[PDB]
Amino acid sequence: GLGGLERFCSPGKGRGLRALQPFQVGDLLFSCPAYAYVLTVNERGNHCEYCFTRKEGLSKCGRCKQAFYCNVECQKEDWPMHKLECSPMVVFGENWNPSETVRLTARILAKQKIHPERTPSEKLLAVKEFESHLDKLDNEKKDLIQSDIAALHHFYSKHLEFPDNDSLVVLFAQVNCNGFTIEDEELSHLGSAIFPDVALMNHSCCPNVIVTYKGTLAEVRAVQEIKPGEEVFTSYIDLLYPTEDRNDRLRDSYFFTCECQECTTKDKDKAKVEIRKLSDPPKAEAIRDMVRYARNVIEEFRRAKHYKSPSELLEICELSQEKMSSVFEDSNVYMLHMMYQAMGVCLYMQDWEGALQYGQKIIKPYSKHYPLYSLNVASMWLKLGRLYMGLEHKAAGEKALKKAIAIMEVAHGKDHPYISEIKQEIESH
């Protein structure tokens, strides 16, 4: 197993992870090497395929020209996984489009053939033991899994010996239930991976640990003091949202309803859905209509970023914030959601002033809605610091970069390469 920890039966939460020793804020509970992992398509050329090192001058695979490495060692070490895609990418050309889940699942199947025995990533929970929720699958989820199985056969039949369709539906369901996205220091999507021992941890909206990544290595650090006998919880979702939203997401993606202290008390729900203090106060039904409108625009924007222009996208943000502002306060999470989306459009357009304009409005409400140590808060401080630095506002930039560092020292560890990069940014300017 893992020193100072153990697997146990968590009542009403299946299997979980329990502490056998005290952990202080910032302590590393454990590390977990990726069992299987894939660099996202949009990050190719920026990060090494094998170790995820972000570097300039990465060497391109000569055959597919769509894999980049630190050197010939990273190239060679990645080949058992890269061969599943190398020749297929040049053969299918523009037609090569498997989903990231399919790309990851192909790598799980390849690893199972090469290394059927328990790996150092499975000291407490094995990939074969993963919870699937197969019995809970509705028509929509079975249809998505069936599309994934067809893409798996379509693009990965060369080296894989597939089990029957029944074993593949269990696998794809296990992957959705236990798979991790890997994000960078700005919470930008890097790729997807399997970390079996990390997937043993259950969810809480007031977690006592945070998961971070050091290349393809997952690290688990305390964000609250943990005592012997206490269960170790991480957050599976974005904690900005009120209780109903959080549980709608946990039910849809993980088939359960959270009963943590935040979900039971609903303490932060009032401030999260803050209403304007108007002379004629807004009616209960008028609030409910705006909450419904707010969730609908969130979904509308999500679809729109796939085909609308940057000005159309910014229009959706501006117009929806205008309609919402008649009922909702600026610190309200639905207002904040649109501002964050608008900041993201600005960043893409390289409209640094516009991105800064939004980030400045988001940061104080983020600090009040998110937990004490939050990757979402650290990432916003970091973006703000980098925008201020880029726009020659070096004192404001240094202050924001040091706010990011203070959180990241707890979550990522004092010695994290991301913190060395931020300190170099402070010292170079």
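Each residue number is its position in the shown sequence, starting from 1. Throughout, rigid core stands for the largest set of C-alpha atoms superposing within 1.5 Å between the two forms.
- Comparing 145-153 with 159-167 by root mean square Cα distance to the shown form in 7 other deposited structures of this protein, with the rigid core used for the fit, gives 159-167 as the more displaced stretch.
- Comparing 307-315 with 214-222 in 7 other deposited structures of this protein, after superposition on the rigid core, the stretch with the greater RMS C-alpha deviation is 307-315.
- In this crystal structure, the stretch out of 178-186 and 118-126 whose C-alpha atoms carry the higher mean B factor is 118-126.
- Legend: mean Cα B-factor per stretch from the PDB entry, 320-328 versus 225-233; the higher mean is in 320-328.
- When the Cα B-factors of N202, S99, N247, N95 are read from the PDB record, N95 comes out highest.
- If you compare the C-alpha temperature factors of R107, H337, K214, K308 in the entry, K308 comes out highest.
- In the deposited entry, the Cα temperature factor of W352 places it in the middle third of its chain's modelled residues.
- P11: CA B factor lies in the highest third for its chain, per the PDB record.
- Ranked within its chain, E219 lands in the lowest third, by CA B factor from the PDB record.
- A150: CA B factor in the highest third of modelled residues in this chain (values from the PDB entry).
- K65: CA B factor in the highest third of modelled residues in this chain (values from the PDB entry).
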